[PDB]
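Taking it in order: structure first as structure tokens, then the write-up.
All chains are named by letter (A, B, ...) in the order of the sequence lines, taking the proteins before the strands, and each is independently numbered beginning at 1. Hydrogens, waters and symmetry mates are skipped; everything else that's a heavy atom, side chains included, is used.
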Amino acid sequence: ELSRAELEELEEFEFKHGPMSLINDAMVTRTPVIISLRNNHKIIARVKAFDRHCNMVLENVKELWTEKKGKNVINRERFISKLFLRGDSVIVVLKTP
Amino acid sequence: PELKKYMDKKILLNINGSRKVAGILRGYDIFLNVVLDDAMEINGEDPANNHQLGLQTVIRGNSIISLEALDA
Amino acid sequence: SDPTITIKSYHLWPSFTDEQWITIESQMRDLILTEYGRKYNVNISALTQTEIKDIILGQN
Amino acid sequence: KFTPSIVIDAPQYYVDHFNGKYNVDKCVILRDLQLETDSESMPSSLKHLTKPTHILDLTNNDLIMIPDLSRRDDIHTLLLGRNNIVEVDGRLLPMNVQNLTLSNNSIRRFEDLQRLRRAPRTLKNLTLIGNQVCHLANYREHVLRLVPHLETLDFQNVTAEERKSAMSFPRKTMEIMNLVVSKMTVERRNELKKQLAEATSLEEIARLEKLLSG
Amino acid sequence: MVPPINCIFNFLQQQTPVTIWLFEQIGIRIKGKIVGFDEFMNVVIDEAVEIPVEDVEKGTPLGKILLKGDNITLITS
Amino acid sequence: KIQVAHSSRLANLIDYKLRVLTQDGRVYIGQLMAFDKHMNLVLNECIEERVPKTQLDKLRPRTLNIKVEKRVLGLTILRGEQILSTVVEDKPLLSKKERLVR
Amino acid sequence: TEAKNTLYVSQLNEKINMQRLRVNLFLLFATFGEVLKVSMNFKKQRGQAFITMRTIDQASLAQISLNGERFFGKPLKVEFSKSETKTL
Amino acid sequence: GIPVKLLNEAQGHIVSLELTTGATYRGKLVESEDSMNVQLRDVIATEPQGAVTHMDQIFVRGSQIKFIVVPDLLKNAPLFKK
Amino acid sequence: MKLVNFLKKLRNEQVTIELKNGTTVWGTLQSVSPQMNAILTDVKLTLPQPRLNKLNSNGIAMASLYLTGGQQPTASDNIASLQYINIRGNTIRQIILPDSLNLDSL
RNA sequence: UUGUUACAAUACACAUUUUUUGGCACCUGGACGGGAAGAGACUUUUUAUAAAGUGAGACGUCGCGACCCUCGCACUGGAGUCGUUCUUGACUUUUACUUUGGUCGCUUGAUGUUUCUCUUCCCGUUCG
């Protein structure tokens with residue numbers, strides 16, 4: 001429909017006015033989001049980029065997840081430094097206070 | 001979507017879940033959304049277990065598994 | 001290295017505790033002295049704290 | 001002789017024999033090459049054998065033992081006929097072997113076959129025709145005692161009563177030249193004899209050795 | 001020949017109640033009146049109730065909802 | 001075991017024998033004849049193989065071998081949506097019709 | 001009759017399963033040549049097979065060696081085919 | 001491309017379908033569409049439970065088809081030529 | 001638009017790709033297509049053992065790991081190794097990237 | 001050796017129903033296998049012990065064995081367009097099928113799927 005340059009500027013408009021602007025505020029402020037993923041893992045990380053599909057390059061990652069051993073249930077706590085994340089697996093992103 | 005060959009002739013549709021419905025095919029589109037008439041939920045043994053849906057029924061095409069024209 | 005340790009809006013460095021600072025400063029010592037040991041070809045495990053002090057401050 | 005180079009150039013293709021229509025089983029051909037058992041060289045050569053391999057055609061060589069292919073699991077058929085094999089050590093057959101051929105080898109006493117006890121339980125087909133233990137007394141009834149669950153020996157279907165009875169016990173190139181002469185028209189025998197008397201050149205000996213071996 | 005979206009519209013303008021069957025979530029159905037329809041078969045439903053699976057006695061009221069079209073299997077009278 | 005050029009994509013692997021994983025834990029093994037934008041995949045001389053549940057538990061962590069079920073299929077088209085991964089089993093071998101010597 | 005690549009096998013046991021006839025005709029003939037194909041169509045040609053070898057010097061040897069051999073309880077017959085196999 | 005021009009060459013031949021739900025349908029291919037929708041006639045059908053039935057005609061939505069088995073004769077159809 | 005063309009500038013790096021089965025693929029990244037189909041070489045495919053223990057959730061993952069043709073002699077924790085895997089892009093959950101990489105240049 | 005014309009590249013684009021921007025997640029001793037035995041439990045006749053069989057109910061697929069069709073040169077075979085020669089190579093188009101099949105015995109030869117709730121003897125492969 002629209003021209004390529006207009007679509008480029010439209011993407012910029014959407015990133016600033018749309019729902020994605022929560023991620024953009026955290027990316028520009030360099031403050032960590034929390035990301036509940038589809039597999040009940042929660043990432044904690046600083047965003048460095050994102051796109052239309054909600055893919056996002058993350059840095060400084062911590063990744064909480066939970067494991068069970070019969071009657072017991074326990075926390076794992078992996079650390080990662082640099083991580084691309086495919087967007088489709090994202091339930092809900094927070095911005096921490 | 002070559003459904004034109006069926007027209008109103010009675011169809012049973014397998015649907016997402018286990019679910020089945022059968023009815024008189026009134027119309028269709030490129031998604032295979034299907035609108036069909038006198039639709040019964042084919043739940044099981046007819047005299048107690050089936051249900052009659054309503055005078056108009058439309059099915060979202062992503063939920064059609066397959067459809068068998070039981071009229072010829 | 002741990003996003004649960006935030007940087008306040010009015011600050012420049014993350015909000016480590018004293019214990020976390022001790023850990024961080026030890027790791028920083030290891031980093032600086034690893035690069036120094038590679039560059040100058042010296043055994044880091046043999047250095048005195050006074051030599052380490054001169055290396056950290058960049059004397060000569 | 002058993003180099004790491006000749007196993008890698010070993011001709012190979014897909015064959016339909018095990019399924020009729022679709023070429024889904026792969027043969028490696030190491031036949032007619034006179035390989036022989038070296039205790040150092042050979043196990044460092046057969047680790048360059050291609051994967052998967054389904055049929056391994058080691059026929060008409062000078063092997064003296066089952067080549068240790070114990071840990072491989074692709075090979076279902078293992079052709080070792082016309083080799084100088086002495087004993088069948090079953091632990092060195094492949095894990096999932098099904099189908100073994102030992103025709104016209106040098107096996108001559110029941111203590112040679114005695115290690116077939118360690119062959120895989122999924123071995124179903126065996127062939128020992130043309131050996132000399134083949135001719136010893138009641139040999140079939142013995143080798144069934146070693147591998148009762150087997151399905152065939154010497155292309156004889158192991159029938160029910162045979163394997164039922166198996167549980168009762170607790171309670172050199174000139175071979176082929178003779179083989180042709182054994183199976184020849186007497187007048188053609190009395191014609192190639194004359195030709196050998198008539199023989200007049202080394203290349204004519206070579207032609208006469210074509211006739212004497214097909 | 002009745003195109004399917006035109007039948008959806010013929011539910012909308014006539015303000016008839018409908019029952020809507022969800023995609024994988026067999027244990028509840030949505031009942032209400034179609035207020036809005038869409039290119040992508042999203043719908044807006046007013047005086048909505050979600051009825052478990054069997055009848056209106058056990059349902060619970062939602063108010064006005066937008067039900068995203070990715071979750072619709074059947075729309076029925 | 002087979003090695004393929006590091007610069008090689010699925011358009012080069014025509015006639016190679018692939019083993020193609022799918023979202024349901026089955027594997028299809030066959031000669032790649034053709035493919036499409038979607039990763040729709042046409043396999044000649046094809047075999048389906050699966051790990052039956054009777055001995056799936058033999059893969060639980062502890063001379064390890066597994067008797068797969070196998071099923072034979074002619075000239076399958078796989079719908080790309082189902083495919084999980086692709087692995088290469090071996091290269092384009094010669095036909096047996098080439099080995100015949102006059 | 002002319003010696004060629006393809007053997008005709010002509011007196012096979014009926015009651016044995018065909019599938020293991022094809023397998024065991026591979027195994028029998030293997031020690032006298034590189035067997036390429038073992039054609040068997042029992043509706044069109046009952047109790048027979050056609051076998052094709054890599055070389056003539058294996059076809060002749062197997063034609064001599066195996067003719068009359070007992071194979072699943074019946075004496076086999078083997079001769080040259082009047083053709084060569086097309087499908088192969 | 002070719003994985004659909006093949007299924008259009010499969011017309012008038014028996015094909016066997018498996019579906020994501022685990023069902024299986026073997027029958028004559030009447031018509032096929034670029035979306036991989038297919039129409040099968042004189043169909044032998046199988047449930048995920050392994051129960052078997054026969055049914056006169058069926059239309060299957062492409063998004064459900066897991067794979068389609070085609071007669072082996074098509075490997076030499078003109079379609080694959082350069 | 002953007003970030004697949006970021007992955008395309010990681011050719012010949014030692015990535016770790018985590019698939020939606022929970023199966024983890026260590027690998028030399030030979031290519032990423034515009035659809036995100038990754039090609040890896042010198043590959044090592046792992047189900048983590050805390051996860052692998054429950055068969056009902058992981059049977060699809062184990063069965064497809066074994067059936068690659070590359071599962072090792074059970075030295076530990078259901079590894080495989082392959083010279084070459086072509087991954088359909090939608091299957092990828094995360095890509096853990098090399099620790100020293102200067103992301104800002106890309 | 002070079003140029004012109006015809007058809008496919010590719011970069012690009014590509015989150016809202018048919019593929020690639022997710023209905024998915026949750027749920028001295030130990031071990032392995034073959035053959036004899038035993039307790040316990042289950043089915044049936046019968047009653048407030050006497051007798052014959054085998055954790056239980058259910059559905060598919062290879063395979064084994066026995067009885068009826070079976071007497072042999074096959075697989076694309078016809079027709080047409082051409083090089084070369086007593087019919088061998090490349091190409092286009094009709095025809096109905098290219099799998100010997102029907103029955104029985106499996107008190108199971110193995111194998112894959114659904115519903116409900118223990119020891120002895122030897123034999124073979126490993127561990128220290």
Check every atom of J/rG77, J/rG72, J/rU16 against the side chain of G/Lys86 and return the nucleotide holding the closest atom. J/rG77
Using the P atom on both, measure J/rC91 against J/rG77 and round to a whole Å. 13 Å
Is the base of J/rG72 stacked on the base of J/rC73, judged by six-membered ring centres under 5.5 Å apart and planes under 30° apart? no
With heavy atoms under 4.0 Å as the rule, sort D/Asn157 into base, sugar-phosphate or nothing. sugar-phosphate
Nearest to the A/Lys68 side chain among J/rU21, J/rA74, J/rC27, which nucleotide is it? J/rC27
Heavy-atom donor-acceptor pair, F/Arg71 side-chain to J/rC62 base, under 3.5 Å: no
Quiz item: D/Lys21 side-chain donor-acceptor pair to J/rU99 base, under 3.5 Å: yes
Which residue, G/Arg46 or H/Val4, contacts RNA chain J at a nucleotide closer to its 5' end, judged by nearest heavy atom? H/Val4
Determine the Euclidean distance between corresponding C1' atoms of J/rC62 and J/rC106; express it in Å to zero decimal places. 14 Å
I'd like to know if G/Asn17 reaches the base of J/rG63 with its side chain such that a donor and an acceptor end up less than 3.5 angstrom apart. no
Using centres under 5.5 Å plus planes under 30 degrees as the test, is G/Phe42 stacked with J/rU100? no
Provide the distance between the two P atoms, one in J/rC123 and one in J/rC68, to the nearest whole Å. 49 Å
Pair partner, J/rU46 [Watson-Crick or wobble, under 3.5 Å]: none
Taking CD from F/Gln82 and P from J/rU18, how many angstroms apart are they, rounded to a whole number? 12 Å
Determine yes or no for a side-chain-to-main-chain donor-acceptor pair under 3.5 angstrom, with G/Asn13 supplying the side chain and G/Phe72 the backbone. yes
Regarding J/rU17, can its base be found pairing with the side chain of B/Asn33 as donor and acceptor, where the two atoms are less than 3.5 Å apart? yes
So, under a plain 3.5 Å distance rule, would you say the side chain of A/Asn55 forms a donor-acceptor pair with the base of J/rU21? yes
Strand partner of J/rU4, provided both Watson-Crick or wobble distances fall under 3.5 Å: none
Closest to side chain of H/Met36, choosing from J/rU20, J/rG72, J/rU19: J/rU19
H/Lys66 and F/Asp24: salt bridge (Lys or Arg N to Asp or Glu O under 4.0 Å), yes or no, with the steps? CA-CA 10 Å; H/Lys66 192 191 294 184; F/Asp24 53 354; 2.8 Å; yes
Students often get this wrong, so: under 4.0 angstrom with heavy atoms, is E/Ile72 touching a base, only sugar-phosphate, or nothing? nothing
